[PDB]
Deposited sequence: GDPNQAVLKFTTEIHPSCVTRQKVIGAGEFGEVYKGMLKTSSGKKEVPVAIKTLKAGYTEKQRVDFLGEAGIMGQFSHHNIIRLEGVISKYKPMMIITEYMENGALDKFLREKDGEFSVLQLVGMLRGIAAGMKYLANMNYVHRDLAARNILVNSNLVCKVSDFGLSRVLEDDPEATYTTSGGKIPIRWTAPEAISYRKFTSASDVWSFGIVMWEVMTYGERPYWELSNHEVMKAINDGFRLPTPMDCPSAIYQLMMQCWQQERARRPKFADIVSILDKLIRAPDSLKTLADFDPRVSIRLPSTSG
């Protein structure tokens, strides 16, 4: 499912990150901008299998809300995975740098796109395992594209996946609930300064993240149901996409806001 790109058509420019056994670059493809993940010499057999395997599944995906593979360099060294370049970068940093700049409808549209990509991934029989705003890319139309840059994300991970390594679409739904909270808070840290062990204890004791400020009641209800302890009680991604699409198409439904519990009280006359 992957197109082979000749190395002379690819120019690496700046390093933008690191991979398992290589760097990640911004570059140009003959010139459309691209992101480039390389596998550097001395890579192991396992690393090659993982690297080309990643390319293989990526080339299979054709969806508006999944990062698009442009091609691969497998016949030459260094080997490369080349994707579209998303100019606004990762969602979490994007929202932290643009705090309060979007409408409720725009934010819920982001979540609908993320949910649509996850519905596709799950129905293609893939589990993400690390769904978080840091793994979602934003383009110049505000379209969110599910991605995976590699890593322990305790705060995003469902209880059963932490406790006995059961990673499924349903534990991805838990993570999606956390991503909903990330988006509606413009990138706040889930559970703030609580330690990983304190987060697990609070969840086991039934506590859950409070409502964001200015959050539609419907949206908080949906993220709450993503965090049900009983995995079978969580919505499927099809349910999430359906609800988000109904709220967006009847946008007055988003004007009713969940109560925000103040953490500070200002007494003035």
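According to the record, the deposited residues with no C-alpha atom in the structure span 1-9, 40-45, 167-184, 303-306.
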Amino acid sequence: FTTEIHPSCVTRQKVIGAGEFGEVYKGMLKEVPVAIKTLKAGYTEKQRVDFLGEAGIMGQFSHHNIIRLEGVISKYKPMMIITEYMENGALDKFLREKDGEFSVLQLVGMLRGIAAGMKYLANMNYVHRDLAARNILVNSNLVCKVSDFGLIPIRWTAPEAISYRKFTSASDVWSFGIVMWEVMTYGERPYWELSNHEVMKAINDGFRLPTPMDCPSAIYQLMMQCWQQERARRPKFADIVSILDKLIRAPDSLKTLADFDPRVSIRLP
From here on, numbers count along this sequence of modelled residues.
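Here the rigid core means the biggest group of C-alpha atoms that line up within 1.5 Å when the two forms are laid on top of each other.
The stretch that strays farther, by root mean square C-alpha distance over structures and residues in 9 other deposited structures of this protein after a rigid core fit, is 141-149, when 95-103 is set against 141-149. After superposing on the rigid core, the larger RMS C-alpha deviation in 9 other deposited structures of this protein belongs to 32-40, the other candidate being whichever of 196-204 and 32-40 remains.
The mean Cα B-factor in the deposited entry runs higher for 81-89 than for the other of 107-115 and 81-89. When the C-alpha B-factors of 4-12 and 260-268 are averaged, 260-268 comes out higher.
Of the residues listed, 236, 208, 64, 30, the entry assigns the biggest Cα temperature factor to 30. When the C-alpha B-factors of 165, 75, 197, 134 are read from the PDB record, the largest value belongs to 75. Remark: residue 57 belongs to the highest third of its chain, ranked by C-alpha B-factor as recorded. The deposited CA B-factor of residue 247 belongs to the lowest third of values across its chain. Among the modelled residues of its chain, residue 219 has a C-alpha B-factor that falls in the lowest third according to the deposited record.
Placement of the Cα temperature factor of residue 99 within the chain: middle third of the modelled residues, per the deposited record. Residue-level temperature factors show residue 187 in the middle third of its chain, judged at the C-alpha atom.
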